[PDB]
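Please read the structure below before turning to the comments.
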Amino acid sequence: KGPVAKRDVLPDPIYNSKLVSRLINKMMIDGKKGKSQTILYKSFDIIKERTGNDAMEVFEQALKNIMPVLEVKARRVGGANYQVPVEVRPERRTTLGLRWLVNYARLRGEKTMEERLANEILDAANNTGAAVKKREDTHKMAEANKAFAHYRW
Amino acid sequence: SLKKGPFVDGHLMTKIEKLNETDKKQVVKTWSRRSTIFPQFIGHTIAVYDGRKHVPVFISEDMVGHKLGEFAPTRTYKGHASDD
Amino acid sequence: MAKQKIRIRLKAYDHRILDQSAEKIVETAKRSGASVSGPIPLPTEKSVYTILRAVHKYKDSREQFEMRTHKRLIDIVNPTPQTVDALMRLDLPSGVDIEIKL
Amino acid sequence: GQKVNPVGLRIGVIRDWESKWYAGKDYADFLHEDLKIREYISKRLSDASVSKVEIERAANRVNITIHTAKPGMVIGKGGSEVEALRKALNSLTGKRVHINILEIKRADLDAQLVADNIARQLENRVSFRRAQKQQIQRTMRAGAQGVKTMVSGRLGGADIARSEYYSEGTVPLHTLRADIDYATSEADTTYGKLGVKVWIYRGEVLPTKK
Amino acid sequence: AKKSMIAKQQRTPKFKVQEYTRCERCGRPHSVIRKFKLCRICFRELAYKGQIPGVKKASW
Amino acid sequence: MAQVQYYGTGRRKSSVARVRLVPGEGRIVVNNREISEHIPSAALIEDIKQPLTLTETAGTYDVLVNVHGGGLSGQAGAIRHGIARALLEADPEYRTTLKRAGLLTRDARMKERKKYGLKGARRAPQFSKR
RNA sequence: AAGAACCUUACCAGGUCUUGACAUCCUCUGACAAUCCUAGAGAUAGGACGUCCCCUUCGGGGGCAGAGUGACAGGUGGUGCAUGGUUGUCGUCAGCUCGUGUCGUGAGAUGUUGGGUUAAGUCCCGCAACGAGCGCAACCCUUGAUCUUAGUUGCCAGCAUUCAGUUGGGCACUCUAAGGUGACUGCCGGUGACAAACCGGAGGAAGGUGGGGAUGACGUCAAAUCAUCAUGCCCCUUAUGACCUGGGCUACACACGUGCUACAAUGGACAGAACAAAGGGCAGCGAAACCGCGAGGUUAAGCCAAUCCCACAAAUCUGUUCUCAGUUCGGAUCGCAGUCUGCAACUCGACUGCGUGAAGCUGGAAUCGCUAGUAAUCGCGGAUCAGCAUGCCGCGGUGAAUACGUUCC
């Protein structure tokens, strides 16, 4: 067993950073890099169109805003389940952030998928929307019930 | 089917031909159900060999292109337990 | 300057028999002859076959037996009749597909 | 499996096919004529015996060479028998024939012959255990790096069924250079048929180069 | 009834379509490849017997 | 017979490419077509062109490449490994920075042959107790 | 079940045969065999046109038919609780044993335990044990790097040619298949008894059994197959056999297993543009030209095939258009009109044109797969095959997410 090696992603040319490539990995469906590509560039364009600001900045603030500080983990030691709160790994933080992000972005119901990814990422920028609400819900399930997971396990 | 054309085995052809020209004999069995109905064949009644028992069949003007053996179902209905 | 030339071709299942046959068929070309092109490789086409293991069911288990088919070509610029008369005799091999054409 | 035949693995890498040729416009017909030749050699297997026949064909020609522990059984006196066989085969194949002969040294070492022999012993109703022991002793006289043998079906007529096997020396079937001979045989006792199997490890083959 | 079946097959069919493939070594119809006209089991046992080159088994 | 040029074969998953680093304007040529044109748009094409930019930057050498086999991304990747190895044959000294870049090897991998009893050469359609 | 329209087919119904559809011995004549007519659903019977051949001093030789005859032949009849043979299963899990010796009254134990290490009874060290056999591993194939040998039907860079690698030429390169090179913890560093081995780094196309396949140990389940074949025993024989027509193997109130297609705007529809691999082909593939909206047809070049054909890759990309709904979503069901194959498409074939436009707007309890070119998904080919492939076997395109860990199943 032991820890497994993990490949680093090929950096996205625009905007340079590999994290956007991680978005290219997560947003993708049916194995299509090109569909993720088009939705990505149209996403940067629609961000450019409404309320002018650098896309990388609002994206960075969004991803910083969508990462949970703690996460519960259910374990049936006896009658009924018992979740144990714990500090989240940063890779797990960005993973949960991007996954709840794309998931709630999928259900926005807007006619244009790019525009609702825009509305969603700006909701993350504005400390609102289903994603921030869900991270807040995880924050509620955590802390309030961390006493069982204080320093025991 | 396709073209030129519908295909009787040909014995039924001479049979119904002789029956049409004269005698006017009614009710005759056949094992060859594959044969299609023809305009010269009209008005005859044939016992159709489903296998278990021959089923007599009158020929209305309406039926021609349908297969002669199609009218008699070999299948037995239904059979089911508690109806209604 | 171009001209039609004899171009013998070989085909066989086993390869050792095939290139042994190639050496035997070019060796006659070398004596009482000239130039003598080498046996150039050809892509070779195999035929896969999947068959059930069990006499009855258990179709989930099978096996793949296959039959590859090698091919080769040999050429010579000079027809040289004497080695053509020499060509008529071929003690080896029993398993070979030689084909002569000009 | 549980036991895949070693003979189905040894061929190609370390041994040649029993019948090699090329096809061809009619791949099936050559196989038909060759299997028929096997059908008549099987009739020749009744007493004259044979370890194996090798076959080669090259368009209107055939090379059905034989190798046998007892060469004179098929030749006869004056060589008339091999000629009559040549005619009996020429009448069937429809093509020129010239059947060949070979006499194996230390013939007991061959798996086919010892298997047919112990099978005949099973036909003789000798005890199967002692017969397998005489098999191991005889193959020990033959001199080999390793030998294994096995029998199945009714044994002495006792019980509903039984299977047995004896061995001495290494018998590595999983080795790809082992050059292990394989054989099967089918005894016919009144109680029932007796399955026969034998494995012969002749030894590893060392590849050559020039 | 395999003898009756091979007797049925070796005799010329009233119509050419009727001639289904079957191996000579064994009288079993069905699941016989047309290209070699052998039984899957016929070809199996001959494969362990080794009838044709070559390799055998499970390459590529 | 003209000015000296280096060349480096580069394949991936049954897609082979033949790059030619002739010195010049540095505009790339794939099958007598521009890289901006042969695979629109496609941003990944810049990743095909990255290794030259990761090494000192920049010549830039003109590239005449002929590729065959595979899909678009695969043949483009063949263009990438092909310009990479050609850059390797440019000067021996560059290879050191290349170890930091990886960007060579062409790791041979291609889709596995299907197993019998399996659809995806690994995946099993279904299982069900009882 | 790698093709149930007939055949297959075994089973049913009806019509027929009893030394027989199939094999051999006898006596025995005679070539065998067919060409049509008649009756019949066929099966076959009643006729003519017909066979009357080949080597031998006459005995014969030869297939083959016919006749009778005892024998026999035949069974997909029963028995996988009689079997050979073949195959699942734990499981590609690392164990299962033997020789000698020791110990124990005996069964049994030691070896095979213990320490370190490994995917592994892998190696190392120690141990009253020392070895050995069957496995794992290695040996094989496939894939990747490179060299050499060999350059056409394949290859086109450097040169000219052209609509076209097509044609001169080139035989570099791609590519092709033979022989080689290469990986072995070996080089370094650290740990460890300085052992085995692990970790880190360099070298390298590929690093620590490189990736994949093959390779399935003693045995378990009286596991599966008398129905592939073979066959002990039992049973039937003018019938559990044989021939034929038609059926049925496709039933239909329903349950379950396993696939396919969708429930849609990352989309549908239209137009344009672009990248494959592998396999098959002479009783075949069948281009091109032409006819038909289509399916296909007419006609026909080339190809026994690195030449030519099956053959166009599809997703994708680029724009146009629909703007969130039982919909330009999906295609069911059915009608009409055609078409391919076949004596013949009613039961019970496939495809096309037109028309009809179910249900379904992501699915309870529950449950399955998969650690990287895997999952996801898009097309292609083949075995099968007259026709019929959503199944099976392969080929390539696009191509991820996650692995904290052994608490729990």
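So you can find residues: chains in the structure tokens are A, B, ... in the order shown, residues in each start at 1, and ligands are numbered from 1 in order.
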
Once DSSP has gone over the backbone, tell me which residues of chain B are in strand (DSSP E), as a ChimeraX atom specification. /B:28-30,45-49,54-58

Show me which bits of chain B are within 12 Å of chain G, counting only C-alpha atoms (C1' of nucleotides), as a compact mmCIF listing (two decimals) with C-alpha atoms, in the first residue's frame.
# COMPACT_ATOMS: atom_id res chain seq x y z
CA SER B 1 -42.92 -10.26 -51.90
CA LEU B 2 -41.03 -8.55 -54.72
CA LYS B 3 -41.65 -8.56 -58.47
CA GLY B 5 -44.36 -12.10 -58.97
CA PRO B 6 -46.56 -13.76 -56.36
CA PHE B 7 -45.72 -17.47 -56.37
CA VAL B 8 -48.13 -20.36 -56.06
CA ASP B 9 -46.55 -23.86 -56.20
CA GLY B 10 -48.49 -24.19 -59.47
CA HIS B 11 -50.51 -27.31 -58.72
CA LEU B 12 -53.13 -25.12 -57.05
CA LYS B 29 -57.67 -29.43 -48.56
CA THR B 30 -54.20 -28.03 -49.17
CA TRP B 31 -50.85 -28.37 -47.40
CA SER B 32 -49.23 -25.54 -49.38
CA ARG B 33 -50.35 -22.42 -47.50
CA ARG B 34 -47.53 -20.36 -49.00
CA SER B 35 -49.56 -19.70 -52.15
CA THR B 36 -51.15 -16.26 -52.51
CA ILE B 37 -54.81 -15.76 -53.43
CA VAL B 48 -56.20 -24.98 -44.75
CA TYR B 49 -53.62 -27.32 -43.22
CA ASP B 50 -52.51 -25.56 -40.01
CA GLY B 51 -51.08 -28.91 -38.91
CA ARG B 52 -53.38 -30.07 -36.12
CA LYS B 53 -56.60 -29.79 -38.16
CA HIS B 54 -57.70 -28.37 -41.51
CA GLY B 65 -52.58 -10.22 -51.71
CA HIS B 66 -52.83 -11.78 -48.26
CA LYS B 67 -51.36 -15.28 -48.00
CA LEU B 68 -53.94 -18.07 -48.09
CA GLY B 69 -52.54 -19.71 -44.97
CA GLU B 70 -52.44 -16.45 -43.05
CA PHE B 71 -56.17 -16.52 -42.32
CA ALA B 72 -55.92 -19.67 -40.19
CA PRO B 73 -53.81 -19.33 -37.01
CA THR B 74 -51.97 -22.47 -35.88
CA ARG B 75 -51.71 -20.86 -32.44
CA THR B 76 -54.19 -21.86 -29.71
CA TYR B 77 -55.62 -19.15 -27.44
CA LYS B 78 -54.84 -18.21 -24.91
CA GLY B 79 -54.30 -19.99 -22.56
CA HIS B 80 -54.67 -18.14 -19.26
CA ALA B 81 -55.90 -18.87 -15.74
CA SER B 82 -58.15 -16.35 -13.99
CA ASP B 83 -59.93 -14.26 -16.64
CA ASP B 84 -61.64 -11.07 -15.26

Selection near residue E:34, 12 Å with only C-alpha atoms (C1' of nucleotides), sequence-local residues under 2 positions removed, as number ranges by chain: D: 27-28; E: 19-23, 29-32, 36-40; G: 2, 383-385

Please, could you write that set of residues out with C-alpha atoms (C1' of nucleotides) as a PDB file, in the first residue's frame?
ATOM      1  CA  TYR D  27      -6.836 -25.682 -47.221  1.00  0.00           C
ATOM      2  CA  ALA D  28      -9.568 -28.057 -46.098  1.00  0.00           C
TER       3      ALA D  28
ATOM      4  CA  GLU E  19     -26.351 -27.303 -47.556  1.00  0.00           C
ATOM      5  CA  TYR E  20     -25.340 -26.352 -44.008  1.00  0.00           C
ATOM      6  CA  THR E  21     -21.659 -26.710 -43.066  1.00  0.00           C
ATOM      7  CA  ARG E  22     -20.349 -29.649 -41.020  1.00  0.00           C
ATOM      8  CA  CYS E  23     -16.982 -31.229 -40.164  1.00  0.00           C
ATOM      9  CA  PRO E  29     -23.855 -29.697 -36.938  1.00  0.00           C
ATOM     10  CA  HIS E  30     -24.062 -26.072 -35.730  1.00  0.00           C
ATOM     11  CA  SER E  31     -21.194 -23.830 -34.553  1.00  0.00           C
ATOM     12  CA  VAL E  32     -18.986 -25.009 -37.407  1.00  0.00           C
ATOM     13  CA  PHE E  36     -12.176 -24.508 -42.358  1.00  0.00           C
ATOM     14  CA  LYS E  37     -15.334 -26.666 -42.062  1.00  0.00           C
ATOM     15  CA  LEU E  38     -14.212 -27.941 -38.636  1.00  0.00           C
ATOM     16  CA  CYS E  39     -15.973 -28.407 -35.298  1.00  0.00           C
ATOM     17  CA  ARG E  40     -15.041 -25.875 -32.633  1.00  0.00           C
TER      18      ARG E  40
ATOM     19  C1'   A G   2     -19.964 -18.458 -34.255  1.00  0.00           C
ATOM     20  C1'   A G 383     -15.928 -14.965 -36.882  1.00  0.00           C
ATOM     21  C1'   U G 384     -21.167 -16.524 -37.585  1.00  0.00           C
ATOM     22  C1'   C G 385     -23.386 -16.202 -42.555  1.00  0.00           C
TER      23        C G 385
END

Shell around residue C:15 at 10 Å using only C-alpha atoms (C1' of nucleotides), local window under 3 positions removed, as a PyMOL selection string: (chain C and resi 11-12+18-22+68-71) or (chain E and resi 53-54) or (chain G and resi 177-178)

For the residues selected in the previous step, produce a file with N, CA and C atoms (P, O5', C5', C4', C3', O3' and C1' of nucleotides) as a PDB file, in the first residue's frame.
ATOM      1  N   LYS C  11       5.531 -17.241 -50.041  1.00  0.00           N
ATOM      2  CA  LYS C  11       4.596 -17.129 -48.922  1.00  0.00           C
ATOM      3  C   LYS C  11       4.560 -18.414 -48.092  1.00  0.00           C
ATOM      4  N   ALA C  12       4.512 -18.278 -46.769  1.00  0.00           N
ATOM      5  CA  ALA C  12       4.468 -19.446 -45.890  1.00  0.00           C
ATOM      6  C   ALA C  12       3.977 -19.095 -44.490  1.00  0.00           C
ATOM      7  N   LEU C  18      10.341 -20.420 -44.365  1.00  0.00           N
ATOM      8  CA  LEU C  18      10.169 -19.370 -45.364  1.00  0.00           C
ATOM      9  C   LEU C  18      11.477 -18.692 -45.762  1.00  0.00           C
ATOM     10  N   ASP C  19      12.281 -18.301 -44.779  1.00  0.00           N
ATOM     11  CA  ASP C  19      13.563 -17.632 -45.073  1.00  0.00           C
ATOM     12  C   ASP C  19      14.663 -18.654 -45.377  1.00  0.00           C
ATOM     13  N   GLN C  20      14.503 -19.901 -44.937  1.00  0.00           N
ATOM     14  CA  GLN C  20      15.402 -20.939 -45.427  1.00  0.00           C
ATOM     15  C   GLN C  20      15.123 -21.136 -46.911  1.00  0.00           C
ATOM     16  N   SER C  21      13.841 -21.110 -47.265  1.00  0.00           N
ATOM     17  CA  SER C  21      13.436 -21.191 -48.661  1.00  0.00           C
ATOM     18  C   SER C  21      13.913 -19.974 -49.433  1.00  0.00           C
ATOM     19  N   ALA C  22      13.976 -18.835 -48.752  1.00  0.00           N
ATOM     20  CA  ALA C  22      14.438 -17.606 -49.377  1.00  0.00           C
ATOM     21  C   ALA C  22      15.922 -17.703 -49.691  1.00  0.00           C
ATOM     22  N   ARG C  68      -0.800 -16.620 -38.565  1.00  0.00           N
ATOM     23  CA  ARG C  68      -0.147 -15.551 -39.315  1.00  0.00           C
ATOM     24  C   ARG C  68       0.262 -15.998 -40.717  1.00  0.00           C
ATOM     25  N   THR C  69       0.289 -15.053 -41.654  1.00  0.00           N
ATOM     26  CA  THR C  69       0.689 -15.343 -43.028  1.00  0.00           C
ATOM     27  C   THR C  69       1.753 -14.365 -43.521  1.00  0.00           C
ATOM     28  N   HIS C  70       3.006 -14.813 -43.491  1.00  0.00           N
ATOM     29  CA  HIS C  70       4.142 -14.036 -43.980  1.00  0.00           C
ATOM     30  C   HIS C  70       4.220 -14.017 -45.503  1.00  0.00           C
ATOM     31  N   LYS C  71       4.813 -12.958 -46.047  1.00  0.00           N
ATOM     32  CA  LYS C  71       5.040 -12.844 -47.486  1.00  0.00           C
ATOM     33  C   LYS C  71       6.396 -12.193 -47.753  1.00  0.00           C
TER      34      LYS C  71
ATOM     35  N   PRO E  53       0.626 -24.356 -38.582  1.00  0.00           N
ATOM     36  CA  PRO E  53       1.302 -23.168 -38.055  1.00  0.00           C
ATOM     37  C   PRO E  53       0.352 -21.974 -37.992  1.00  0.00           C
ATOM     38  N   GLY E  54       0.521 -21.095 -37.008  1.00  0.00           N
ATOM     39  CA  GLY E  54       1.604 -21.201 -36.047  1.00  0.00           C
ATOM     40  C   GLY E  54       1.574 -20.083 -35.024  1.00  0.00           C
TER      41      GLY E  54
ATOM     42  P     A G 177       5.906  -6.286 -39.856  1.00  0.00           P
ATOM     43  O5'   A G 177       6.877  -7.539 -39.989  1.00  0.00           O
ATOM     44  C5'   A G 177       6.688  -8.500 -41.023  1.00  0.00           C
ATOM     45  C4'   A G 177       7.959  -9.255 -41.322  1.00  0.00           C
ATOM     46  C3'   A G 177       8.581  -9.983 -40.131  1.00  0.00           C
ATOM     47  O3'   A G 177       9.136 -11.220 -40.573  1.00  0.00           O
ATOM     48  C1'   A G 177      10.149  -8.466 -41.040  1.00  0.00           C
ATOM     49  P     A G 178       9.438 -12.398 -39.523  1.00  0.00           P
ATOM     50  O5'   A G 178      10.990 -12.686 -39.725  1.00  0.00           O
ATOM     51  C5'   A G 178      11.879 -12.745 -38.620  1.00  0.00           C
ATOM     52  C4'   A G 178      13.306 -12.871 -39.089  1.00  0.00           C
ATOM     53  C3'   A G 178      14.379 -12.742 -38.020  1.00  0.00           C
ATOM     54  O3'   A G 178      14.609 -13.956 -37.327  1.00  0.00           O
ATOM     55  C1'   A G 178      14.914 -11.326 -39.822  1.00  0.00           C
TER      56        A G 178
END

Tell me the residues of chain G close to chain F, meaning within 7 Å using only C-alpha atoms (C1' of nucleotides), as an NGL selection string. :G and (144 or 158 or 205 or 212 or 275-276 or 317 or 368-370 or 373 or 397)

Sorted by chain and rising residue number, list the residues of chain F at most 10 Å from chain A (counting only C-alpha atoms), each with its closest atom pair and distance in Å to one decimal, as CSV.
residue,atom,partner,partner_atom,distance
F:41,CA,A:34,CA,9.6
F:42,CA,A:34,CA,8.1
F:43,CA,A:13,CA,6.8
F:44,CA,A:13,CA,7.8
F:45,CA,A:13,CA,9.7
F:46,CA,A:13,CA,7.1
F:47,CA,A:13,CA,7.3
F:50,CA,A:13,CA,9.3

Enumerate as a PyMOL selection string all residues of stretch 48-118 of chain A assigned to helix (DSSP H, G or I) by DSSP on the backbone, naming them with the chain letters and numbers the document uses. chain A and resi 48-49+55-65+90-106+113-118

Serialized selection, N, CA and C atoms, as an mmCIF file, in the first residue's frame:
data_model
loop_
_atom_site.group_PDB
_atom_site.id
_atom_site.type_symbol
_atom_site.label_atom_id
_atom_site.label_comp_id
_atom_site.auth_asym_id
_atom_site.auth_seq_id
_atom_site.Cartn_x
_atom_site.Cartn_y
_atom_site.Cartn_z
ATOM 1 N N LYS A 48 -15.851 38.785 -18.891
ATOM 2 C CA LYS A 48 -15.318 40.040 -19.408
ATOM 3 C C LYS A 48 -16.431 41.030 -19.758
ATOM 4 N N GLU A 49 -17.591 40.510 -20.150
ATOM 5 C CA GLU A 49 -18.677 41.361 -20.630
ATOM 6 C C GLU A 49 -19.424 42.099 -19.520
ATOM 7 N N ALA A 55 -10.610 38.030 -15.013
ATOM 8 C CA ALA A 55 -11.247 36.741 -14.769
ATOM 9 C C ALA A 55 -10.467 35.900 -13.765
ATOM 10 N N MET A 56 -9.144 36.012 -13.806
ATOM 11 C CA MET A 56 -8.291 35.235 -12.916
ATOM 12 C C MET A 56 -8.462 35.657 -11.461
ATOM 13 N N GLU A 57 -8.785 36.929 -11.244
ATOM 14 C CA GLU A 57 -8.933 37.446 -9.891
ATOM 15 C C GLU A 57 -10.242 36.979 -9.263
ATOM 16 N N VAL A 58 -11.338 37.143 -9.997
ATOM 17 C CA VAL A 58 -12.643 36.711 -9.510
ATOM 18 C C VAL A 58 -12.684 35.186 -9.380
ATOM 19 N N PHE A 59 -11.975 34.492 -10.269
ATOM 20 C CA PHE A 59 -11.846 33.040 -10.168
ATOM 21 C C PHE A 59 -11.041 32.616 -8.949
ATOM 22 N N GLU A 60 -9.956 33.334 -8.671
ATOM 23 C CA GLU A 60 -9.118 32.996 -7.528
ATOM 24 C C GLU A 60 -9.876 33.235 -6.231
ATOM 25 N N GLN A 61 -10.564 34.369 -6.154
ATOM 26 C CA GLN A 61 -11.361 34.692 -4.979
ATOM 27 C C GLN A 61 -12.498 33.694 -4.806
ATOM 28 N N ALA A 62 -13.044 33.231 -5.927
ATOM 29 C CA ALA A 62 -14.126 32.257 -5.889
ATOM 30 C C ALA A 62 -13.642 30.920 -5.345
ATOM 31 N N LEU A 63 -12.527 30.430 -5.881
ATOM 32 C CA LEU A 63 -12.001 29.142 -5.447
ATOM 33 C C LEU A 63 -11.517 29.200 -4.002
ATOM 34 N N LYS A 64 -10.999 30.350 -3.582
ATOM 35 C CA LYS A 64 -10.673 30.529 -2.173
ATOM 36 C C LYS A 64 -11.940 30.544 -1.321
ATOM 37 N N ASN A 65 -13.038 31.026 -1.898
ATOM 38 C CA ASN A 65 -14.298 31.128 -1.166
ATOM 39 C C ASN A 65 -15.111 29.831 -1.126
ATOM 40 N N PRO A 90 -5.815 20.316 1.345
ATOM 41 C CA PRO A 90 -6.010 21.380 0.350
ATOM 42 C C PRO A 90 -6.386 20.871 -1.043
ATOM 43 N N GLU A 91 -5.848 19.721 -1.441
ATOM 44 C CA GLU A 91 -6.229 19.118 -2.712
ATOM 45 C C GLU A 91 -7.682 18.668 -2.657
ATOM 46 N N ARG A 92 -8.075 18.137 -1.506
ATOM 47 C CA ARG A 92 -9.460 17.759 -1.271
ATOM 48 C C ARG A 92 -10.332 19.010 -1.183
ATOM 49 N N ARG A 93 -9.739 20.115 -0.734
ATOM 50 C CA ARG A 93 -10.460 21.382 -0.645
ATOM 51 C C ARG A 93 -10.814 21.912 -2.025
ATOM 52 N N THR A 94 -9.817 21.998 -2.899
ATOM 53 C CA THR A 94 -10.066 22.456 -4.259
ATOM 54 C C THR A 94 -10.922 21.448 -5.023
ATOM 55 N N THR A 95 -10.813 20.172 -4.661
ATOM 56 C CA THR A 95 -11.600 19.141 -5.329
ATOM 57 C C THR A 95 -13.080 19.284 -4.999
ATOM 58 N N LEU A 96 -13.388 19.405 -3.711
ATOM 59 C CA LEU A 96 -14.765 19.622 -3.289
ATOM 60 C C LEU A 96 -15.288 20.951 -3.805
ATOM 61 N N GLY A 97 -14.403 21.940 -3.864
ATOM 62 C CA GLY A 97 -14.808 23.257 -4.301
ATOM 63 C C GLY A 97 -15.246 23.216 -5.747
ATOM 64 N N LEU A 98 -14.387 22.671 -6.602
ATOM 65 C CA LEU A 98 -14.692 22.584 -8.022
ATOM 66 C C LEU A 98 -15.849 21.636 -8.321
ATOM 67 N N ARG A 99 -15.990 20.572 -7.533
ATOM 68 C CA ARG A 99 -17.048 19.604 -7.814
ATOM 69 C C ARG A 99 -18.419 20.153 -7.425
ATOM 70 N N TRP A 100 -18.528 20.767 -6.249
ATOM 71 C CA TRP A 100 -19.793 21.382 -5.872
ATOM 72 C C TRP A 100 -20.067 22.581 -6.778
ATOM 73 N N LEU A 101 -18.994 23.207 -7.259
ATOM 74 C CA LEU A 101 -19.125 24.347 -8.158
ATOM 75 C C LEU A 101 -19.765 23.938 -9.478
ATOM 76 N N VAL A 102 -19.181 22.945 -10.144
ATOM 77 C CA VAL A 102 -19.715 22.489 -11.422
ATOM 78 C C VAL A 102 -21.083 21.827 -11.241
ATOM 79 N N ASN A 103 -21.285 21.171 -10.100
ATOM 80 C CA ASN A 103 -22.547 20.480 -9.858
ATOM 81 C C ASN A 103 -23.705 21.454 -9.690
ATOM 82 N N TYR A 104 -23.517 22.464 -8.847
ATOM 83 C CA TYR A 104 -24.532 23.500 -8.696
ATOM 84 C C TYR A 104 -24.662 24.382 -9.936
ATOM 85 N N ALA A 105 -23.575 24.526 -10.689
ATOM 86 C CA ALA A 105 -23.623 25.267 -11.944
ATOM 87 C C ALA A 105 -24.480 24.537 -12.972
ATOM 88 N N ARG A 106 -24.474 23.210 -12.897
ATOM 89 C CA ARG A 106 -25.253 22.387 -13.814
ATOM 90 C C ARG A 106 -26.757 22.563 -13.611
ATOM 91 N N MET A 113 -25.232 27.593 -20.655
ATOM 92 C CA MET A 113 -24.425 26.940 -19.636
ATOM 93 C C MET A 113 -23.267 27.834 -19.195
ATOM 94 N N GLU A 114 -22.699 28.575 -20.142
ATOM 95 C CA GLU A 114 -21.590 29.474 -19.842
ATOM 96 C C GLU A 114 -22.032 30.630 -18.950
ATOM 97 N N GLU A 115 -23.210 31.172 -19.238
ATOM 98 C CA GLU A 115 -23.740 32.287 -18.465
ATOM 99 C C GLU A 115 -24.079 31.879 -17.036
ATOM 100 N N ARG A 116 -24.470 30.622 -16.847
ATOM 101 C CA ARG A 116 -24.811 30.161 -15.510
ATOM 102 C C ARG A 116 -23.571 29.705 -14.748
ATOM 103 N N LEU A 117 -22.541 29.263 -15.466
ATOM 104 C CA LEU A 117 -21.242 29.104 -14.823
ATOM 105 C C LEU A 117 -20.700 30.457 -14.383
ATOM 106 N N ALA A 118 -21.015 31.496 -15.151
ATOM 107 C CA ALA A 118 -20.597 32.852 -14.811
ATOM 108 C C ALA A 118 -21.336 33.357 -13.579
#

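Minimum atom-to-atom distances from F:36, F:5, F:55, F:96 to residue F:21 were compared using only C-alpha atoms, and the lowest value belongs to F:5.
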
Could you list the residues in chain C lying within 9 Å of chain E, using only C-alpha atoms, and format the result as a PyMOL selection string? chain C and resi 13-14+48+51-55+63-68

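The interface of chain C with chain G at 6 Å, considering only C-alpha atoms (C1' of nucleotides), consists of residues 38, 40, 41, 42, 43, 54 and 56 of chain C.
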
Counting only C-alpha atoms, the option among F:103, F:25, F:30, F:12 closest to residue F:87: F:103

Could you name the residues that touch stretch 161-165 of chain D at 7 Å or less, counting only C-alpha atoms (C1' of nucleotides), but leaving out those on the same chain fewer than 5 positions away, as a list in words? residues 149, 150, 151, 152, 153, 154 and 155 of chain D

Selection near residue G:238, 10 Å with only C-alpha atoms (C1' of nucleotides), sequence-local residues under 3 positions removed, as a count of residues only: 3

What does the distance between atom CA of residue B:44 and atom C1' of residue G:39 come to in Å, to one decimal place?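 So the answer is 23.5 Å.
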
Enumerate as JSON, numbers by chain the residues belonging to chain C that approach chain D to within 7 Å, with only C-alpha atoms taken into account. {"C": [12, 94, 95, 96]}

Give the residues of chain G that lie within 7 Å of chain A; count only C-alpha atoms (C1' of nucleotides), and format the answer as JSON, numbers by chain. {"G": [265, 266, 324, 376, 377, 398, 399, 400]}

What's around residue C:30 at 10 Å? Count only C-alpha atoms (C1' of nucleotides), leave out sequence neighbours fewer than 6 positions away in its own chain, and write the answer as a count of residues only. 4

Per-residue nearest contacts of chain D to chain E (12 Å; only C-alpha atoms) as CSV:
residue,atom,partner,partner_atom,distance
D:4,CA,E:48,CA,9.0
D:5,CA,E:48,CA,6.6
D:6,CA,E:48,CA,8.3
D:7,CA,E:48,CA,6.0
D:8,CA,E:48,CA,4.1
D:9,CA,E:56,CA,7.7
D:10,CA,E:48,CA,9.8
D:11,CA,E:50,CA,7.1
D:12,CA,E:55,CA,6.1
D:13,CA,E:55,CA,8.2
D:14,CA,E:55,CA,11.4
D:15,CA,E:50,CA,10.3
D:16,CA,E:50,CA,9.0
D:17,CA,E:50,CA,5.9
D:18,CA,E:51,CA,6.7
D:19,CA,E:51,CA,6.0
D:20,CA,E:52,CA,6.6
D:21,CA,E:52,CA,8.0
D:22,CA,E:52,CA,9.0
D:23,CA,E:52,CA,10.2
D:25,CA,E:35,CA,11.6
D:26,CA,E:36,CA,9.5
D:27,CA,E:36,CA,7.3
D:28,CA,E:36,CA,5.8
D:29,CA,E:36,CA,9.5
D:30,CA,E:51,CA,11.0
D:31,CA,E:51,CA,8.2
D:32,CA,E:24,CA,7.9
D:33,CA,E:24,CA,11.0
D:34,CA,E:51,CA,9.7
D:35,CA,E:25,CA,8.3
D:36,CA,E:25,CA,9.3
D:38,CA,E:25,CA,11.3
D:39,CA,E:25,CA,10.0
D:52,CA,E:49,CA,11.7
D:54,CA,E:51,CA,11.0
D:55,CA,E:51,CA,10.3
D:56,CA,E:52,CA,11.6
D:182,CA,E:49,CA,10.2
D:183,CA,E:49,CA,10.4
D:184,CA,E:49,CA,11.0
